[PDB]
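Form deposited in one PDB entry, single chain, as structure tokens, below.
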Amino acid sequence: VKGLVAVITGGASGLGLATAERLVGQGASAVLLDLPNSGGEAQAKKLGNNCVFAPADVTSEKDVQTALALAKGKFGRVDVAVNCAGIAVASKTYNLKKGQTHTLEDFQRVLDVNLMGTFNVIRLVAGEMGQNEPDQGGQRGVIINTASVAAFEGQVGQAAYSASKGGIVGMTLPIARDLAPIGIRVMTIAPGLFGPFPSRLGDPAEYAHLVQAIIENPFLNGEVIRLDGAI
């Protein structure tokens, strides 16, 4: 991963930040794409001159486009994109014992940040990735998405969250088929309880390790991997 340039959506914290810290340590170059008011600027200072913070609202085409133009200015190319930004909401669809209905605005906001924002990033960075000169394996880039196991078995009150992550799960295969003739691999990670066995909470570093493994391995494509310790 030496010399490679990555754009990491949601890189100011969580799985995105852990991926940027590990990959840059391994000698890669990372672009942190996150909201302007996030504290990711301190992180981009911490990682040194190989890292750059690009302020962008993922739901807006213009903000992401200018962030990508910043990436083109700093490094000239994009090789990896990791989608991690998101929020969660717990609320039952309907509760007869209290007469309460899930509000539509909360559902729309979760869908906005999680599912459509991910596609917006994919569709724009694929335009950026298409400018790369093919790898000796024919590869132009790698796109990695995060769709927690809630897409498969959600808990009570996660309907909107499970809907968004199931959307990303359904979206993985058609995008991989879309970008296959361009040479971009699309992969999905299904994280669980990240901060039977292992019984502790997951460590974001194991997610970063899996991201590096997916980047390195040329044959992983169009698949969802549950990294959940079998719970």
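Position 1 is the first residue in the sequence shown; the rest follow in order.
Although not depicted, the form deposited with a small molecule bound is the subject of the following passage.
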Counting only heavy atoms and a 4.5 Å cutoff, which of 69 to 77, 93 to 101, 128 to 136, 142 to 150 contacts the small molecule in the entry with it bound?
142 to 150
Within 4.5 Å of the small molecule in the entry with it bound, do we find a heavy atom from each of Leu35, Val58 and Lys165?
yes
With heavy atoms only and a cut-off of 4.5 Å, decide whether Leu193 touches the small molecule in the entry with it bound.
yes
Within a 4.5 Å heavy atom cut-off, is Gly222 in contact with the small molecule in the entry with it bound?
no
Counting only non-hydrogen atoms and a 4.5 angstroms cut-off, does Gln212 reach the small molecule in the entry with it bound?
no
Quick check on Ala12: any heavy atom within 4.5 Å of the small molecule in the entry with it bound?
yes
